[PDB]
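J.: got the complex split up, this is the first portion:
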Amino acid sequence: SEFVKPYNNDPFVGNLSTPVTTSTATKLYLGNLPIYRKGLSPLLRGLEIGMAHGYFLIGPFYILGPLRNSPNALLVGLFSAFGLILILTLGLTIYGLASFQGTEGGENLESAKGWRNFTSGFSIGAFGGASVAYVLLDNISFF
Amino acid sequence: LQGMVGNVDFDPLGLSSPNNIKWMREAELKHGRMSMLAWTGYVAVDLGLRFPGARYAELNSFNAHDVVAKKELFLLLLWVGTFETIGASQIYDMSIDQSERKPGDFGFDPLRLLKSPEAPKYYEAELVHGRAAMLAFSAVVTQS
Amino acid sequence: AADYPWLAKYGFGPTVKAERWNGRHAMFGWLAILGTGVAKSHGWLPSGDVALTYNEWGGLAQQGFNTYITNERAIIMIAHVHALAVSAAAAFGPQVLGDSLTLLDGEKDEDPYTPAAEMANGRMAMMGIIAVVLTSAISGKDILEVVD
Amino acid sequence: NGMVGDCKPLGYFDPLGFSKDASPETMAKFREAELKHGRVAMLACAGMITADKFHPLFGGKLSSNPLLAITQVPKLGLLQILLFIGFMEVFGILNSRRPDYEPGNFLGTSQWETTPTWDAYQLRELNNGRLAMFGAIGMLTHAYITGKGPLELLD
Amino acid sequence: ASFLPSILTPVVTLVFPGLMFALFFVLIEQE
């Protein structure tokens, strides 16, 4: 048998159609991720990605941060998450400015308006996710 | 503005007209429904409708939040937050852009009651009762 | 203005949008001075001029340096940092059918001079803030005592 | 027909003829259920075998009894296991919904040039799945009867 | 005063140079 064939029946493209690259599991999961999901607007793509990253970003600061052994450990973790998210959304905005200089199409991540909607979604979502993880970690004794 | 349910045109102060209305009518529906459930729970709890349990026996609405904040109200927070998250996914995808949706129609008509001939009756009763329950709950909370 | 096309594009600079936003912030700031003044008159903030410690606020405490960072200072710091967090959320996040901090590509800055009422009140509030800060500086008195 | 479940000791084993006069949809459902049971039972049998004598997690002193251990596990761990399995199952459902869909192939084997070697190894998977299906039920039954794990029961 | 190190050192050595790096990157990626 042969589970490694040319990518899209093109032997001269620099890729291989391995199980990892071209399996139905990989295709399903990637195509269903928000950045690839069909029908999602750029705002919702950014929103889902933002909440996703903001929920987990608080944790390293909370437990491994300098004030882990302090009564305000989770507060400092949330503030650190907000700062890191501010840096990340600044990076997103400058990336959009540098890449999609001249664009008018919109409704597309590869355009200025679409990337701006995506960045707004990411920023709000990540702030909300950091706050939500703060709220859950305050009341973790519930579970 | 005009062309919506309960349009008395009661708008002396300026809030929305060529804009915002997609959000404003839907927020009025959400606030109204919240008010109906809030006032109904307040009256039921004050009347005597209670969960079966030792902790719930003594609590009476106003004195109940602080004790029921951490365990059961947190589960309520989780459920409400999930439903509001899918609601936000539907909502932000409408108002910021111009995709087609109606204000407050989350598609929650599982019994197909809007197929009744008197569907404008519901699209009127909902808003009126939300407003009335809002004015009611403002009173019941500001008495105490 | 013209020499700074980049900042002029998004309203950053001597622009009507910037004046509007700064007037709104000056309004909220005068409110904040009045609110924290009545808060100090009442008992909300911790008293005693208790300095922060490394065991609670770490190197941001500056326990042994100098500069007497207090628990009331830490709490108001948390409040204003939360304001700054909501700020980044509102500015960068989706404009909830309100005002964009940035001009945006399509919009052009409103014509320079209820919205006009906001701008008049904002100019008044900025003038009040500057006058209070000056009066404190010349007199040597505290800002809260000056407004009191 | 068209599947690879047949083997030597029993041939094409269908005494009650469920597949007889049945649709390809029902046949695919049967094979998906078969492979899912086999795989879950492999995981179960391996878990009991290893955790009976080597269970470092959770303080290193959780009960070696399979039935007692899951009750001893915290609620959050069970919730996380359920979430993980559900997240695999939504992709199972989507693979079922796909236009090209063999029953248990998350790998998408149809796009590659497969051979009797691939067929034989699919048969290996299926046979091991059948054996593990019997094994897991046996292990759980012995755990309920005697209260010992698999290897302690053998001890 | 002893206020000013706290006010100025982070403003001048986190915010300003980050903004300068952003501005330089955006400028060099023009046209």
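T.: Thanks, I have the structure now. Residues are numbered from 1 along each chain as shown, chains lettered A, B, ... in the order given.
J.: how near is the residue lying closest to residue D:31 once chain neighbours are set aside to chain A?
T.: The spatially closest residue to residue D:31, leaving aside those adjacent along the chain, is residue D:103, at 3.8 Å (Cβ to Cβ, 6 or more residues apart in numbering or on different chains). All C-beta atoms are positioned from the backbone trio N, CA, C, and that covers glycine. From residue D:103 across to chain A, the span is 12 Å (Cβ to the nearest Cβ, to the nearest Å).
J.: residue D:103: what secondary structure?
T.: coil (DSSP: H, G, I helix; E, B strand; the rest coil).
J.: so who does it touch?
T.: By Cβ atoms under 8 Å, 6 or more residues apart in numbering or on different chains, residue D:103 lies in contact with D:28-32, D:35.
J.: contacts only, for whichever residue of chain C sits closest to chain B.
T.: Of all residues in chain C, the one sitting closest to chain B is residue C:97 (4.8 Å; Cβ to the nearest Cβ). Shown in contact with residue C:97 (Cβ under 8 Å, 6+ apart): B:19-20, B:23, B:95-96.
J.: got the residues you listed as JSON lines, with secondary structure columns?
T.: Shown next, in JSON lines, are those (three-state DSSP):
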{"residue": "B:19", "secondary structure": "coil"}
{"residue": "B:20", "secondary structure": "coil"}
{"residue": "B:23", "secondary structure": "helix"}
{"residue": "B:95", "secondary structure": "helix"}
{"residue": "B:96", "secondary structure": "coil"}
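J.: tell me the buried residues within the residues you listed.
T.: With burial judged by 16 or more other Cβ atoms under 10 Å in any protein chain shown, the buried subset of the contacts of residue C:97 is B:20, B:23, B:95-96.
J.: elements contacting the longest helix that chain E contains?
T.: Ranked by number of residues, the top helix in chain E under DSSP state H is helix E:16-28. The contact analysis (3 or more Cβ pairs under 8 Å, 6 or more residues apart in numbering or on different chains; DSSP states H and E) places helix E:16-28 against helix A:73-99.
J.: circling back: list, out of the buried ones among the contacts of residue C:97, those positioned next to chain C.
T.: Filtering the buried ones among the contacts of residue C:97 for proximity to chain C by Cβ under 8 Å from any Cβ of the partner chain leaves B:20, B:23, B:95-96.
J.: show the contacting residues for the residue of chain A found nearest chain C.
T.: As assessed by Cβ to the nearest Cβ, chain C sits closest to residue A:124 within chain A, at 3.2 Å. Residue A:124 makes contact with A:47, A:50, C:89, C:92-94 under the criterion Cβ under 8 Å, 6+ apart.
J.: also residue B:57?
T.: Neighbouring residues of residue B:57 by Cβ under 8 Å, 6+ apart: residue B:50.
J.: in which helix or strand would I find it?
T.: Following DSSP states H and E, one finds residue B:57 within helix B:55-58.
J.: cool, and residue D:144?
T.: According to DSSP H and E, residue D:144 maps onto helix D:116-146.
J.: in terms of secondary structure, what does the helix or strand following that helix contact?
T.: Remark: after helix D:116-146, the chain's next helix or strand is helix D:150-154, criterion DSSP H and E. Secondary-structure packing of helix D:150-154 (3+ Cβ pairs under 8 Å, 6+ apart): helix D:24-53, helix D:116-146.
J.: now tabulate the ones you listed in a markdown table and tack on distance to residue C:135.
T.: Below are the helices and strands packed on helix D:150-154 laid out as a markdown table (distance: least, Cβ to Cβ, whole Å):
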| stretch | distance to residue C:135 |
| --- | --- |
| helix D:24-53 | 75 |
| helix D:116-146 | 82 |
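J.: circling back: nearest to chain A, of the buried ones among the contacts of residue C:97?
T.: Out of those, the member with the shortest distance to chain A (by Cβ to the nearest Cβ) is residue B:96, at 5.9 Å.
J.: against residue D:116, how distant is that closest one?
T.: Distance, residue B:96 to residue D:116, using Cβ to Cβ, to the nearest Å: 57 Å.
J.: then residue B:111?
T.: 56 Å.
J.: near chain E, which residues of chain C show up?
T.: By Cβ under 8 Å from any Cβ, the residues of chain C that approach chain E are C:6, C:62, C:65-67.
J.: further, place chain F onto the existing structure:
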Amino acid sequence: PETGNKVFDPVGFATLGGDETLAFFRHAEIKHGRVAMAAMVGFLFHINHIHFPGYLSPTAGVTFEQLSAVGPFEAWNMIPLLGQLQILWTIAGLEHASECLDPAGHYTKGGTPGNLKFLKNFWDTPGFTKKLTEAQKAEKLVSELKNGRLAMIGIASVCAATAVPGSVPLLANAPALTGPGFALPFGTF
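T.: So that you can see how it sits with the rest, here is chain F on the chains above:
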């Protein structure tokens, strides 16, 4: 017949929606009547001290004898927590399959309200209704509706008897109906 061969609805609850809503209401009526009939038979089996022999839970040491002894509704609370989980889970799967596996579609949107036979041998497992025909079966379904409504009234009667003083005649004294009036799922919660 007993109601006078008419719509029976004096308040207007029938046409709050449409045909889909009426189908949902009829299916809900059928399900309620079926559970009420089963509950009535279970109540009689309990209060007559009919139960299976053995230990319900040999590990926690709770028995069918204890369940029968204490009272009808209390017995549910004395079932072990995991046993109640199992009962409600097995009902959960049946309800979900009832919602889904109808080939025609939903009872509101193509299926017959109350029809559950698409789950094979769920009904008439020994096959009493196999001999019957459609004309007899419509008559029998009318009988099912009548008995379901009547058992509904009965279970509502006995619940009020066991919760609030002597509401119902002929049970307004029976010490048979004691214990709590309304069990909760999983006991306390």
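J.: number of residues surrounding residue A:71?
T.: When counting by other Cβ atoms under 10 Å in any protein chain shown, one arrives at 10 neighbours for residue A:71.
J.: three-state assignment of it?
T.: Residue A:71 ends up coil, using three-state DSSP.
J.: surely residue F:51 meets residue F:64?
T.: Yes. Residue F:51 is in contact with residue F:64 according to Cβ atoms under 8 Å; the separation is 4.1 Å.
J.: can you name the residue of chain B nearest to chain C?
T.: residue B:20 (4.8 Å).
J.: which SS state does the spatially most central residue of chain F fall under?
T.: Centroid-nearest residue in chain F: residue F:35, 0.7 Å away (criterion: Cα atoms, centre = their mean). Per three-state DSSP, the local secondary structure of residue F:35 is helix.
J.: for the one 10 residues further on, same thing?
T.: In the three-state summary, residue F:45 is assigned as helix, counting by three-state DSSP.
J.: residues contacting the closest residue to it other than its chain neighbours?
T.: Of all residues not flanking residue F:45 in the chain, residue F:51 sits nearest, at 7.5 Å (Cβ to Cβ, 6+ apart). Listed by Cβ under 8 Å, 6+ apart, the contact partners of residue F:51 are F:45, F:64-65, F:67-68.
J.: residue contacts, the residue of chain B positioned farthest from its centre?
T.: What lies farthest from the middle of chain B is residue B:54; by Cα atoms, centre = their mean that is 30.4 Å. With Cβ under 8 Å, 6+ apart as the criterion, no residue contacts residue B:54.
J.: mind redoing it with 10 Å?
T.: residue F:188 (Cβ atoms under 10 Å, 6 or more residues apart in numbering or on different chains).
J.: quick one: it and residue B:64, what's the gap?
T.: In this view, residue B:54 and residue B:64 are 14 Å apart by Cβ to Cβ.
J.: got the CA coordinates for the helix holding residue B:57 in PDB?
T.: Provided in PDB are the C-alpha atoms of helix B:55-58 (Å, rounded to 0.1, in the frame of the first residue of the first chain):
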ATOM      1  CA  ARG B  55     -31.300  26.100  53.700                       C
ATOM      2  CA  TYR B  56     -34.100  27.400  51.500                       C
ATOM      3  CA  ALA B  57     -36.700  27.500  54.300                       C
ATOM      4  CA  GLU B  58     -35.600  30.800  55.900                       C
END
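J.: burial measure for residue F:17, as a count.
T.: That count, for residue F:17 with other Cβ under 10 Å as the rule, works out to 21.
J.: you'd agree it is in a helix?
T.: No. Counting by three-state DSSP, one finds residue F:17 to be coil, located in no helix.
J.: could you pull up phi and psi at it?
T.: phi -130, psi -120 (degrees, to the nearest 10).
J.: so what's it up against?
T.: B:109, B:111-116, B:119, B:122, F:23-25, F:108.
J.: if you skip the residues just before and after it, what's nearest to the closest residue to chain E within chain A?
T.: Residue nearest to chain E within chain A: residue A:98 (3.6 Å; Cβ to the nearest Cβ). Closest residue to residue A:98 apart from its sequence neighbours, by Cβ to Cβ, 6+ apart: residue E:29 at 3.6 Å.
J.: now do the contacts for the most centrally placed residue in chain A.
T.: For chain A, the residue nearest the mean C-alpha position is residue A:49 (3.6 Å; Cα atoms, centre = their mean). Contacts for residue A:49 (Cβ under 10 Å, 6+ apart) come out as A:33-35, A:118, A:121-122, A:125-126, A:129.
J.: most neighbours out of these, which is it?
T.: Top of these by neighbour count (other Cβ under 10 Å): residue A:126, with 31 neighbours.
J.: hang on, the earlier thing: the contacts of residue A:49 in strands, which ones?
T.: Among these, no member falls in strands (DSSP state E).
J.: which of those are close to chain B?
T.: A:121, A:125 (Cβ under 10 Å from any Cβ of the partner chain).
J.: among the contacts of residue A:49, name the ones in helices.
T.: Members of these lying in helices (criterion: DSSP H): A:118, A:121-122, A:125-126, A:129.
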